[PDB]
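So this first bit is one chain, no partners, the form deposited in one PDB entry, shown in structure tokens.
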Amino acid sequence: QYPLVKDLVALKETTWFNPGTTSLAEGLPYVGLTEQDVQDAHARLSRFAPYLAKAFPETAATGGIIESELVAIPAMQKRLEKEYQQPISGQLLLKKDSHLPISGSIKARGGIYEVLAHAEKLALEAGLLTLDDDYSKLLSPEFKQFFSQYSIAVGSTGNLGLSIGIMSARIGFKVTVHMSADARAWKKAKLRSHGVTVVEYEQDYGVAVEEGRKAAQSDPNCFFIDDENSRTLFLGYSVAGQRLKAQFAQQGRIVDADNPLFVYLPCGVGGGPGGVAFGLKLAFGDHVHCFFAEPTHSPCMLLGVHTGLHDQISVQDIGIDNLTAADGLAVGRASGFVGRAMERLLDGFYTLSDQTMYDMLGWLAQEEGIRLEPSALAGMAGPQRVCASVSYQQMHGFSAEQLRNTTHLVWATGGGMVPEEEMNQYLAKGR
């Protein structure tokens, strides 16, 4: 076998288990954020819940908590064991962030949160709002006019654009989304139907984000959503940790030393999976084990963490084209901060090809009736990478029994809003 980086260079599916993981206590100083920060995010989303229930009536029945289902997928589990000839110990579950309301992706967590935090900040500073107000008052025509004086910009592939576009437009902000090549036509149409300005290019994610950042700095009433650097996005994602813990409790599922939880997180820039992993660590401690999953054509986070260069190296530095069917994950350079903040708290990083993603996407639809976009399948290959590795199991001291009592949680990150035509194209690609 090649050394790891040569696998990367060759676009071979590969797996790196992190030999420098630490206890939660030993890792926490390096995060730069705390459980108090995470609880402040929960509290902010709770303050906005009465606004959201009215602004987006699809959330009224939970109102307006933005949360997704946690489901068991034992038919898919058996299918994976059949197709890849590797047993999956324990139970396989799926977290359906693909089916979050409003924008149908994990970006409905961090993207939406960042937009709400920005509105709140402006409204507070204007003297228009206090923390103990009923936030549904923000729906008033006066508030919409207030927010119309401010603009938001974002670069995206873009579930992020979709999330920040739809939320910002509903609030009353002017919003422009700078879209990478190609970004799906349906997403641009969807944004334009919400009164969002979209600016189309023909370079990748990093260029779109760069040009979007440039345009927002030209105006003190324009706020750039910076997915490479925003801790606010990260915190919006991290809210998922306690939400999941509460679901596990409700469902009567134990997470402890004897019943470990392994979580498999698709990774673009790292804010999404990093933020979720942080919230998970605070919720479950040393008993949750987190794995990032990237396309073979975009292994930016694995590359950054493995080499210790983080955002100082890109996939293109190693001759990789950053072209993948997994749009949400087609990020060529890791986060400005997530790798350093989180490496001690991440058990491993792996890559999988577009074809693997497409094959699994079809199997999931066949076995479970759940239809996702290719990006959302990246975690699905994780349980078998982990179960096959004797060295990973020995590294962490996992017994046969602990492995039988493991929960494997695949984090689905997008797909619920993909139109039938595009979904049928996805299904046509798998074998």
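Residue numbers run from 1 along the displayed sequence. Throughout, rigid core stands for the largest set of C-alpha atoms superposing within 1.5 Å between the two forms.
FYI, the form deposited in another entry isn't displayed, but the following is about it.
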Candidates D311, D226, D347, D204 - which moves between this form and the one not shown, C-alpha at least 2 Å, core fixed = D204
Quick one: once the rigid core is lined up, does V331 have its C-alpha move by 2 Å or more between this form and the one not shown?
-> no
Once the two forms are fit on the core, has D182 moved its CA by at least 2 Å between this form and the one not shown?
-> yes
